[PDB]
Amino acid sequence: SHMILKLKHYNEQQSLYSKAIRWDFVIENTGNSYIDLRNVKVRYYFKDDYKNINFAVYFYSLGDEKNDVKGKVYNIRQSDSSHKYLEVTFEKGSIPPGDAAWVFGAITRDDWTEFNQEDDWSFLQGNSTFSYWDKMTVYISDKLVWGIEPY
């Protein structure tokens, strides 16, 4: 009958126009068993029409940034092309009860032109550190366990 995880987010780029979108999050384990991140997806929703987005992981507290944390951008439907999410997944990682996974990184357009973050569902302004944020979502084996999908 208990939730066993919560998510916090902090976005270092709070200007509306930015070359990088920061999806940094912390998944907190609030239950009594380990959480297997191999079954966990996290989504950052954004609106943008540039096809070639690059994904960079700057920090992963539970493993190797290059090898263990993966990112891919998906369209929400065939139409319209601009409504997307980045989905972050893990090849390895286990969150101890009472602990948290810290995962920091960015996405950028391959041509280094700027995003307009103003219309991005997951965009968080006005805070100065990691805060619970219900506009990014978390799934465990494809069940939605945290957050609100765009509507």
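Just count from 1 along the sequence shown to find any residue number.
The PDB entry reports B-factors from which the mean C-alpha value can be compared for 23 to 31 and 121 to 129; the larger average falls on 121 to 129.
As recorded in the PDB entry, 88 to 96 is the stretch of 88 to 96 and 102 to 110 with the greater mean C-alpha temperature factor.
For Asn11, the recorded CA temperature factor ranks within the middle third of the chain's modelled residues. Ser141: CA B factor lies in the highest third for its chain, per the PDB record. In this PDB entry, the Cα temperature factor of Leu62 sits in the top third of its chain's modelled residues, the highest group.
Per-chain ranking of the deposited C-alpha B factor places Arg38 in the highest third.
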